[PDB]
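Next come structure tokens for two forms of one protein chain, structure 1 first, structure 2 second.
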Structure 1
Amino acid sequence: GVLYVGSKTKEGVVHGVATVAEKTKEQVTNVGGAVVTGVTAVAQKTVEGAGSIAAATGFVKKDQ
């Protein structure tokens, strides 16, 4: 039989994200559009199937 002593496994992982912002100046003017300027960390693992969205941020959907 199979033995697993002290074994580690990572699948779809995100680890260690550091960010710093000192004395920064930002000016935005948006009209009917998207503007994104932030930290985003996403991890997904799908065994089977379809139509799985892990994350959706800052979007403008206007389908017809």
Structure 2
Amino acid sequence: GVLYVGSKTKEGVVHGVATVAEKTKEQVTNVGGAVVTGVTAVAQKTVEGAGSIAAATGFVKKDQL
């Protein structure tokens, strides 16, 4: 007996990201690491699993077992 007349739904949504860079100097030297200087939009609905990285930006993982 359910009805959907014109309904909307947003689950795990990235919407409307605006970015402007004008005349920006930028100098990076990197040795064995992560350097992030840009736009990163991640939209997910379901992430299941033990010990799992669902969204990583600028990540360094060096584990011993």
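Shifts are known only where both forms have a C-alpha. Quick note, the numbers are simply positions in structure 1, starting from 1. What we label the rigid core is the largest C-alpha set whose atoms superpose within 1.5 Å from one form to the other.
Here the rigid core is superposed between structures 1 and 2, and of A18, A21, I53, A41 the C-alpha of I53 is the only one to shift by 2 Å or more.
Here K8 exhibits a Cα shift of 0.6 Å between structures 1 and 2, evaluated on the superposed rigid core.
Here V31 exhibits a Cα shift of 1.1 Å between structures 1 and 2, evaluated on the superposed rigid core.
Comparing the conformations between structures 1 and 2, with the rigid core held fixed, yields only the displaced run 47 to 64, spanning 3+ consecutive residues whose C-alpha shift is 2 Å or more.
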